[PDB]
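A short worksheet on the structure shown next.
Computation of the quantities below employed the complete heavy-atom set of this structure, encompassing side-chain atoms and omitting hydrogens, waters and symmetry-equivalent molecules. Each chain gets a letter, A, B and so on, in the order its sequence line appears, and its residues count up from 1.
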Amino acid sequence: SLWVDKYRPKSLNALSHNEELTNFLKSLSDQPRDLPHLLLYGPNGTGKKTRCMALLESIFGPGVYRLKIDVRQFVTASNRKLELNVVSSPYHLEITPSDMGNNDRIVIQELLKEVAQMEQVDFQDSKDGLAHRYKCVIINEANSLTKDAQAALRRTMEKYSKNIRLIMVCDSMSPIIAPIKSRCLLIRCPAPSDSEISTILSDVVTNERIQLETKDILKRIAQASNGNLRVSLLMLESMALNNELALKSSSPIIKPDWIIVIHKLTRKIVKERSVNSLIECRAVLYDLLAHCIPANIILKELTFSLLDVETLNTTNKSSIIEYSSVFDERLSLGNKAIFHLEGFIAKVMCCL
Amino acid sequence: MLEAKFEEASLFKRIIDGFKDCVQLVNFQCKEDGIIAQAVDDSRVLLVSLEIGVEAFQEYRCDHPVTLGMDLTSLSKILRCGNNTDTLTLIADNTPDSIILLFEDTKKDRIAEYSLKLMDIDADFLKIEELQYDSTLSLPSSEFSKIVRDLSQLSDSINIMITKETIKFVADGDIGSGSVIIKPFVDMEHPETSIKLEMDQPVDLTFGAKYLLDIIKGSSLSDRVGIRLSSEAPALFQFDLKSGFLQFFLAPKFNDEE
Amino acid sequence: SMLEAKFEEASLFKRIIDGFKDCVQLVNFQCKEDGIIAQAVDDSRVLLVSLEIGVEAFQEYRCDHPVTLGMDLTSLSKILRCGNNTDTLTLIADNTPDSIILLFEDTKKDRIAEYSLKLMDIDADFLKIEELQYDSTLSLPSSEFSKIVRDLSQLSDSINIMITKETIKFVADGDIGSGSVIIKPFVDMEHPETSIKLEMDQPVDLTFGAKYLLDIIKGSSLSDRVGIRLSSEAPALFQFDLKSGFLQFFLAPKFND
Amino acid sequence: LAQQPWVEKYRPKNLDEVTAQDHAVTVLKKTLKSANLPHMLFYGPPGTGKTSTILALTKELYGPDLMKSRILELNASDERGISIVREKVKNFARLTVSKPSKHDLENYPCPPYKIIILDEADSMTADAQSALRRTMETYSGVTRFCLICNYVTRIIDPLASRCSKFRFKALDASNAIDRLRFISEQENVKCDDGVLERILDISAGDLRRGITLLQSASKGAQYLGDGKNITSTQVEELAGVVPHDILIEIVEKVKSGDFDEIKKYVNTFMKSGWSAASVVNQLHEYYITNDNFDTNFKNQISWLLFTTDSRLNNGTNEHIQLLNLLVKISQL
Amino acid sequence: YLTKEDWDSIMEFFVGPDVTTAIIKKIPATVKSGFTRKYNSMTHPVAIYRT
Amino acid sequence: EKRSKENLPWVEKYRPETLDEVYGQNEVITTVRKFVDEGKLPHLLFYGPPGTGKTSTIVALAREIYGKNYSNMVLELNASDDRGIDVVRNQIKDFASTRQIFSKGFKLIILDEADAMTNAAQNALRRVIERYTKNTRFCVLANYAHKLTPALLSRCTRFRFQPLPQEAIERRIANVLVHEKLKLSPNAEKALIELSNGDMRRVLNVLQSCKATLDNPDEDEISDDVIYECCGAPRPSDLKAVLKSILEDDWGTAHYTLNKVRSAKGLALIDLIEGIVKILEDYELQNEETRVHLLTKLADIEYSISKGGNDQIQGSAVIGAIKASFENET
DNA sequence: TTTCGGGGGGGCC
DNA sequence: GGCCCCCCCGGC
Ligand SMILES: Nc1ncnc2c1ncn2[C@@H]1O[C@H](COP(=O)(O)OP(=O)(O)OP(O)(O)=S)[C@@H](O)[C@H]1O
Ligand SMILES: Nc1ncnc2c1ncn2[C@@H]1O[C@H](COP(=O)(O)OP(=O)(O)OP(O)(O)=S)[C@@H](O)[C@H]1O
Ligand SMILES: Nc1nc2c(ncn2[C@@H]2O[C@H](COP(=O)(O)OP(=O)(O)O)[C@@H](O)[C@H]2O)c(=O)[nH]1
Ligand SMILES: [Mg+2]
Ligand SMILES: [Mg+2]
């Protein structure tokens, strides 16, 4: 088991950063019978899902962590068969409807309504045998849901609130439509500070007995993660493995392959500006997209790497950021991402 | 080390067929007493309980209780190739990755021996502690099948109103409503189709039509089905076996207008 | 209740409804103190069905004031299929009803099945299109008419009926060929049930669609004889008499051109 | 009850509990006596009390018992394709109204028609909407239609023509303070002066959001166990409003005009999780209502803010949009 | 709860300087054969039943 | 229906029953009346915008030709009924090729809202129309002419239903007031006509809402104020004040004036934008780029408003766009 | 490749 | 004869 998962806290008392959010969650869990629907938003890797699980464990018993995966079948209007992998616990349920793309709507109309419109048999911690509690459903990547899928949630939340409570988790709130944001309690989850990341990494190292020349190592790893705790833990594990469980002052910071590819693409764009260069850039973009690298991630990293070049002037950076904004909007409204990425690269080449 | 020689394998076929739709992965505990099983539905709204006593089997023995997580679909596949009137046995070994199903017959030629793989399913300590159910009745399985297949066309929700000396069925839908009132019934010349009832406090419970249809799919086991209704607890439908029974605890549809 | 009408055997009403359920979609019953009269028009406005079940067909029939009931034959057939073919059927309605109650009762046991069918706001008149003086009126066994229609419809989608002095001709002209059947009036004192009668005033020649005749012939299961009345410039009448009422199909002929 | 969120627990039970929609509730109440209710099209921003208003009208028209036989409610959670519109809605509209009881006629007005409520009608396709045009008119004597939407432009012109339009106004501190104060008093929430006004201003027309914020503040105060009045600072913190210190830092960095410093500050700022919409709104408030800037600067910044808000409304990356907006403002 | 097929699939994702195709091919045949024998000589858990 | 006609909405209560009760379409009504009075009835097509009287006119014409029993002598189909290829090939063909059941006469088929029909059905209708013209006549009703195939249009005689004139609307309002025992002020009528946009449905709905608004309709008079509160529309004075402040005051004063005007009665920004556009389209701008910028920016703002967004930012954008566009006047 | 809706043409029954 | 299923276009 990786260190990132082997030391994840399992209770609200085990959280070790953003104590204000911990106190707010404790206040919410103090009287959970009237808990409204929740929407947790914040940067990636901060610990939103961990906090959601801790809140559920505070509301219900420790038994929320006994998860089991099952398969649910769905039929479309064309008779096409679809399968959804649902993670469930004796107290809560989890769904990721975006896994079915435009078909996610069916979930909101078939699965969720099935959970909320019927009572559930509870033969544990109960005397009659029927659950005397509401069911908590967790929708992950809620920002990836289609607009109609989100619209299908409105009356479901407003009618069966006595039996179903929804805890949605998202990285950005802009894709969420206004009615859904109005129907939920919004919880901001700030990213951990560098000191807290360093403390967590120090605790992990001490538990794993990884030799450290100086603590400043953990500082640099914290800075390279840009506030992402999961990335910090995985990077620490990778460096420890590559340095025989011993980190020295000269230990390099390991970056993932796709970041290196994007940086090489940025260097190539800066060096050469022509149509042949654009053809090779198209080849690189196809290679990146064929390996499950999202287009929006590619655009963001490419834009920031270009803006972090010590050879361009203010006008070039302004043009680059403007084009990045325009083509990010284009990507949000389009289907073929390669077209928009190529257009952005061509515009950047023209401006430079 | 364990065998369950059956009087007729068709009984086991029907037993497995009676709850295949509700659940597919169910833990079966085999003890010298017999076969037991309790599986919660994937939606956590229905529970399938099963038990076959030692009496029903032609010859049942076991040296050490053993829990098998064998799949129901695989067992159905194994049985369907079998003959009509045989004496299925469930032999295995100390560390069984599979269970040999001996489809033995009185004749030495009509044999359909097979093998069924076993799955490592997880079992919990489910408790079905008896409750003071307010009402309990028993009526012929054919009548229930007809009533359900009739009312399912007119609606998707079926209300089972058990009041004083009344077994009222209700099904309201878009086209209209359907009600088939049954009353305590006894026939001296054929008491096998006598409606039995015992009722303390009135019980109102509305269930889903699909669940009731799936439950009655397995009503061929017993010519009579027993409905136990409690206001604050999940009502249960029971079909008697040769030496046990198959019970289904179906949760009631939630009431939002109230 | 306002209206209470008991059928001794539910098969009677099921058969009556089965006679015209394949040609109309929405039916309008209008019950009075002299029985139940119902009308139904087809989607193409080419065929009309009129039923006049009398009070003598019920074990008991009580109706205080005339009551209108708009229903869909599909739902009515669906529910009637629910009831068994050995139980008494009570039709029950109240003042200005919102639903019609079908009550199946089995005297063998204590089982009572009540079905409420929601009514429709069908507002229409009958117009009693029964043109006084027709040009020709023939009567013949329903079996022969059904056989002729089934045989000729296989040739063409249109069938022409000609009525001349002591001659009735059915003609079909299709693609593979043509077929003509000629029948003249005759009487058999030994078995009058098979006789053919014709009363003629002026020659008639009218064309009809084969689909509508194929639908109409389904009523032969209710009566052993059929009466066909034809007149130029008027729809053709196909009457099947019942125990106390009758079933009439008014079919509009095709334009000649 | 005590087991329900405050938003649902304080849902207007009758038409007299609707706070700031009298211009339409008056005619709706008049219909209770006139019994000539027209086809209705409710439209407005979120959380203005449209579903509550229609439900209360149904309460006051038919009563608790006759309701279910006189109401057909379909929302976005229900399939509403052209086939559904042409079969189920048509069949329900063609039926005769259910028979009222003697009690119903003795107590409730019981108009001689049923009601079909197509909630969230803006999610219906154009063909499905067109399928309703003649159904609405032909059976107007036995059925009435209520189309509830957020974007009136998504309703086809014929349907809007057939329906009497009712606009639900935004709920602010001047027309919704009484209801929020009543909720706080019933729930015994002790707040400082101006806290409810601040909540309503932050809500920006959404009373549901205001009630949820009040509930969150009440829960925080109860868990604190200090017996102290809730302050506006805590309300702002729970609403995700950026502190004024961060805003003045941002405007100072923009005034500096250096691209690299602005980029670094935005990178650090985005790690706190602040929503870009709130940042843009607060920047608009700070800039447009400041006398230190000239007319041309405001003219340009208004269009820049409008463009950024429109782009953000399409679910775009917040980091890039915020950086672009800040750079463009710095170059004004 | 990873299988050999999952192992290959994971190894087939990396791009750029972390492509494992050449390295995987360079692995000794005996090592891979022993790995397969060890994997098939034991009983492994299942994350999802009846996938 | 249920109960008397007094339970119906005014849009349906005042539906024309005869052909002399249709107003604002004198030419079309006269032409169709002459056609029906001489047996010269061709395949008709009624193209027009919503709420102009096409359905009322065709139903009245059918009643005139046949009588009270027109519903039993015509084949009326609309968007609520399936009209696929099979329907055209079977039901319409049977109706057109067969004599009347009830009483003699020709056959009338009214395909209301035919613009919703598919191309295949319209193509199949061609020979059906052309072959049974001896005994059948087809009437088509449409709001969008681009959805109809060229051949079907070629086979039909077109009649355009113009937006309702002012005089016709006033006459209908007079009839409604007389029947309802209502009093309407001249300015109230002016506002009603202005907001109607040539649709009688809007007029009737707003008048019914105004009647409901009055506390004692028996002797109370409907004034322009009643219309403004009922519809929630901005007053002309409010729009004029907002435009004046935007055009000859600083940003702070303009923002304050807009906010105060909108918060006085909870007015919507879209109605204000429409009002300002109507006011400005009568201005005599020296420079064309001023009008170009105004139109483009206001259209962009309207499109953005159509999808939600931030209301305050949108209002500030309106103010800034107007100021920038008018700066070009010099 | 590809998100509904309509039409055709074949396969169970 | 009727469902049920699969495949294929869609501007002018
Ligand atoms: N006029 C109002 N008076 C009192 N409470 C209101 C009012 N409007 C909204 N609320 C409150 O906010 C909650 C939600 O109101 P809703 O009726 O759901 O608003 P809505 O406009 O129908 O929502 P949308 O447009 O579908 S997002 C109510 O339960 C009330 O608690
Ligand atoms: N010329 C008119 N004269 C009097 N009333 C009219 C007139 N036109 C429309 N109306 C009124 O508005 C109501 C609807 O008229 P319609 O005949 O349905 O208009 P329409 O043009 O056919 O609607 P569309 O194009 O299908 S949206 C009628 O009941 C009348 O009360
Ligand atoms: N020691 C410690 N680790 C945390 C905490 N919160 C999150 N983490 C770690 O950070 C990892 C990522 O957290 P996660 O919730 O999955 O990120 P998110 O879902 O994208 O918000 C997890 O594997 C945790 O181990 C915390 O409060 N204390
Ligand atoms: Mg709503
Ligand atoms: Mg019309």
Return the value, rounded to whole Å, for the distance between atom NZ of A/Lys336 and atom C1' of G/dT3.
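Interatomic distance, NZ of A/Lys336 to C1' of G/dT3: 13 Å.
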
Please give, in whole Å, the distance from G/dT2 P to A/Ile338 CD1?
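It is 18 Å, rounded to the nearest whole Å.
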
With sugar-phosphate taken as primed atoms, P, OP1 and OP2 and all else as base, the protein-contact string of nucleotides 5-11 of chain G at under 4.0 Å (heavy atoms; B, S, -) is SSSS---

Any donor-acceptor N or O pair under 3.5 Å, side chains [X], [Y]:
{"X": "C/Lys14", "Y": "C/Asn85", "answer": "yes"}
{"X": "C/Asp72", "Y": "C/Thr74", "answer": "yes"}
{"X": "D/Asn75", "Y": "D/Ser77", "answer": "yes"}
{"X": "D/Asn314", "Y": "D/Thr316", "answer": "no"}

[atom1] gap between [N] and [M], integer Å:
{"N": "G/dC12", "M": "H/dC7", "atom1": "P", "result": "15 Å"}
{"N": "H/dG2", "M": "G/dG11", "atom1": "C1'", "result": "13 Å"}
{"N": "H/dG10", "M": "G/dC4", "atom1": "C1'", "result": "11 Å"}

Identify whether the distance between the nearest side-chain nitrogen and carboxylate oxygen of F/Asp81 and D/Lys90 falls below 4.0 Å.
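Yes, F/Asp81 and D/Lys90 are salt-bridged.
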
Using only modelled atom types and a 3.5 angstrom limit, is any donor from either the side chain of A/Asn335 or the base of G/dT1 paired with an acceptor on the other?
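No such pair is found, so the answer is no.
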
Please confirm whether A/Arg330 makes a cation-pi placement over A/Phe327, using NZ or CZ under 6.0 Å from the six-membered ring centre and within 45° of the ring normal.
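Verdict for A/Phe327: a cation-pi partner in A/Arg330.
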
Base-pair string, DNA chain G, Watson-Crick plus G-U, cut-off 3.5 Å on both distances, | for inter-strand, is ....|||||||..

Residue list, side chain to side chain contact (heavy atoms under 4.5 Å, CB included) with C/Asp18, at least two apart or on another chain
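For C/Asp18, the residues satisfying side chain to side chain contact (heavy atoms under 4.5 Å, CB included) (neighbours in sequence not counted) are C/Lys21.
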
Just do the side chain to side chain donor-acceptor pair (under 3.5 Å) check on A/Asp104 and A/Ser98 with the steps written out, would you?
CA-CA 6 Å; A/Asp104 58 319; A/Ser98 45; over 6 Å; no

Pairing residues for A/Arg72 by the side-chain hydrogen bond (donor to acceptor under 3.5 Å, both in side chains) criterion, not counting sequence neighbours
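Scan of A/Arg72 (side-chain hydrogen bond (donor to acceptor under 3.5 Å, both in side chains), adjacent residues dropped) gives none.
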
Under the side-chain hydrogen bond (donor to acceptor under 3.5 Å, both in side chains) rule, collect the residues that match up with C/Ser221, sequence neighbours excluded.
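C/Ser221 satisfies side-chain hydrogen bond (donor to acceptor under 3.5 Å, both in side chains) with no other residue.
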
Distance under 4.0 Å to a non-hydrogen atom of chain A counts as contact; along DNA chain H, which nucleotides mark the start and end?
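Under 4.0 Å from chain A, the extent on DNA chain H is H/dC5 to H/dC6.
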
In this structure, is the centre-to-centre distance between the rings of F/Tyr47 and F/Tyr144 below 6.0 Å?
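So the answer is no for these two rings.
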
